[PDB]
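Contents: one structure, followed by commentary.
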Amino acid sequence: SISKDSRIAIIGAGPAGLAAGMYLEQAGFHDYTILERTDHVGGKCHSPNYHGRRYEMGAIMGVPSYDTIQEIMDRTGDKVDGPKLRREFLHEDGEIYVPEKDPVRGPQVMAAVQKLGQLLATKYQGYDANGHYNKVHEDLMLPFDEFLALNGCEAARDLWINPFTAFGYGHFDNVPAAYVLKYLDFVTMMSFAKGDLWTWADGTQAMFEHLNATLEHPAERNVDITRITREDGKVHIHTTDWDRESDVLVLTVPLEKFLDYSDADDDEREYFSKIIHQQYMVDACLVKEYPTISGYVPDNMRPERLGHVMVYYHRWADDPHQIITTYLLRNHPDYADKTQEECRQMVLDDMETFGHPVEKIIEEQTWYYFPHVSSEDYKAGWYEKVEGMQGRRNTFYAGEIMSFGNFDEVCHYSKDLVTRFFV
Ligand SMILES: Cc1cc2nc3c(=O)[nH]c(=O)nc-3n(C[C@H](O)[C@H](O)[C@H](O)COP(=O)(O)OP(=O)(O)OC[C@H]3O[C@@H](n4cnc5c(N)ncnc54)[C@H](O)[C@@H]3O)c2cc1C
Ligand SMILES: CCCCC/C=C\C=C\CCCCCCCCC(=O)O
């Protein structure tokens, strides 16, 4: 429905933008340009060097059902070749426990998991589709805990919480089930629970760097876009060094932030203003009494413990002078959010409690993480509206807000965007 000769501007060279480029190009659209604000590609797949090995400041892992990322590796020749992930569980006092072996709670949890699985397989078919343009069951629009309570599956939250809340995506009291279950669908949940998890020796960034290089048009970097306007059936992009016209705009960058440098119409301003996000903070640490395994702290995943370390990543087992990254959240809709300063101190205090005291923090990043909307906004039909706007003034909406904030979901979405509107 769009001509192959169209000049397509793709904003952002993260996974979503690079995938958009890949799949446009493979569909015969050769006149695309990817515009990246920073000097690097990969976005939140960001794998810096330290003493000859790359550590992860952002994304780390995948599961075997990451089919779109497999397609990307097929193209780049990259392989899943990183160190194996292994985990223990700690209480907030640092004591090691084995929740799977609890003879009372364990069965309750796994019975709820069984029950939920069947609801997903029968009543809630369609729940796991990529994106939100196929309207999900109304129950899925409620916060996850409410969704679970409606079906008597509350205890299943013990299994779902670990790769969700600890992983920055927020808390089941408020995050709609729709996101939780598109990310952690039954198969994905099962893979995680099993530890069947992809990692990369060269970092998740590496395959995106390699993908960018395979493109007919590798991303243009250091592009400071000051204004985008969309008059006369055209797209006009003003940057600090040039201003140029395009036929189509594909956005893989934060849509609320897009309002600030664009001729955003009333609907764009109205809806994109409803976007909320997570403040997910990662500290790259050198530690004494080096851990022997990664640690998760369910106690610190409760909203009452906001800002505490929920998980830390043991990446390079053989070298106790390698980087251990820690993970915490600074926000929750029903709490005063936490400062960088007080959270950094909890990193220190928590790691000390866990028996792996921090000697040095070499890097720290609060990420713009998991853009989404509230249950109320989801229920009021946020996605019916925005997806209805796809193509308005030659503009297409993609990236994390349109799908889910993991790198397979956004790439899958970019791939399908080509199929939906372009081919
Ligand atoms: C700590 C952490 C851990 C994670 N763990 C995992 C994991 O284990 N597995 C997984 O699948 N996912 C994980 N993720 C999520 C995953 O990294 C993201 O969902 C994915 O990178 C999203 O891709 P994207 O292209 O939509 O957005 P992004 O990765 O954020 O890329 C956006 C790009 O657009 C650029 N940009 C922003 N504004 C502008 C502008 N004004 N003009 C031009 N360019 C702009 C940015 O610089 C960036 O390059 C993790 C993320 C973090 C932060
Ligand atoms: C199902 C996993 C794919 C998506 C993951 C998305 C976000 C992850 C965010 C942060 C992860 C912190 C990692 C700590 C190491 C885990 C070790 C283990 O689980 O065995």
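Figures for the structure shown
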item	result
Cβ-defined net charge surrounding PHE29, 12 Å radius [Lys, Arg +1; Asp, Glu -1]	-3
Where only alpha carbons of segment 77-194 are counted, the Rg and the Dmax (Å)	15.4, 47
Projected label distance in nm at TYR261 and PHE186, using a 7 Å step from Cα toward the beta-carbon	4.4 nm
Quarter of the Cα convex hull surface for segment 275-369, i.e. its orientation-mean projected area (nm²)	6.0 nm²
Candidates per GluC sites (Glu not before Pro) in segment 373-423, loop by DSSP, up to 13 other Cβ within 10 Å	none
DSSP-assigned coil residues among chymotrypsin sites (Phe, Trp or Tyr not before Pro) in segment 215-314, each with at most 14 further Cβ atoms within 10 Å	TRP242
Which of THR419, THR204, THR353, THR366 has the fewest Cβ neighbours within 10 Å, and the rest in rising order	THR419, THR366, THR353, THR204
Sequence-separation-based contact order of the chain, relative, with Cα cut under 8 Å and 6+ spacing, percent	25 percent
Orientation-averaged projected area, Cα convex hull of the chain (nm²)	20.0 nm²
For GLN279, distant residues with modelled amide H under 5 Å away	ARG330, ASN331
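Read-outs: derived from the displayed coordinates by stated rules, not from any lab. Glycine gets a Cβ as well: all are built from the backbone with ideal geometry, and neighbour counts include every protein chain shown.
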